[PDB]
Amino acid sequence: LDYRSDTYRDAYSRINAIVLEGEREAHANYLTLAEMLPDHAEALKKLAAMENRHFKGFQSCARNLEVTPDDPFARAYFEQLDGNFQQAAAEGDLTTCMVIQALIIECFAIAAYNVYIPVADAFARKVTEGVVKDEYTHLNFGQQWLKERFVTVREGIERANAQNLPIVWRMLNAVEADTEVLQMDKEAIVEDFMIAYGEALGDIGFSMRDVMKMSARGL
């Protein structure tokens, strides 16, 4: 890999912009949740703050490669998923909010990060390794929220999955050419994303049958 090439920098402008927009939305979304759930505001504001630290880290990765992120691209990339989060929050549908942010986006991001790490330039490797470690180690508020409420929210989780998992797949397909330039295998992202999502859904309380049904809805 030539990290300094026009080709790599062009792809990175879009991939980096996507990660930054994802982190910007995560920060905003955890602040929305903190406003709606004042008893939980300290934990949610700490998650927001962590997202902002990760944003700064990925910004430094772009600066290191002299890449300007393609922000209009990334805003459009996230528009549909972001809209579903904001509409859910508007309806007080915290179940969907948690599924989108704490399960779907979280597993998708960690999958992508894990596929990027072995092919990342050394600076970005170090930064991304710390981001992943942070995600593994810190409180996943939304996962715990859902787990604690499993019997009452399970149908809503299934609805949120059916609405939003297909959007994941479209997003992944949309950047296939750019992930290829970065030497990230799309299929590795798919596999990592699904194994993590199944582990998280199982922790919440879902069975094998249940997770298989949710995967079929993503199709």
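Residue indices: 1-based, along the sequence shown.
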query	finding
Stretch with the greater mean C-alpha B-factor as recorded in the entry, comparing 89-97 against 132-140	132-140
Selected stretch [higher average CA B-factor]: 191-199 or 207-215	207-215
Peak C-alpha temperature factor (PDB record), options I157, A26, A49, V175	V175
Candidate set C61, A43, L33, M184 [ranked by C-alpha B-factor, highest]	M184
Position of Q80 among the chain's modelled residues by C-alpha B-factor, lowest, middle or highest third	highest
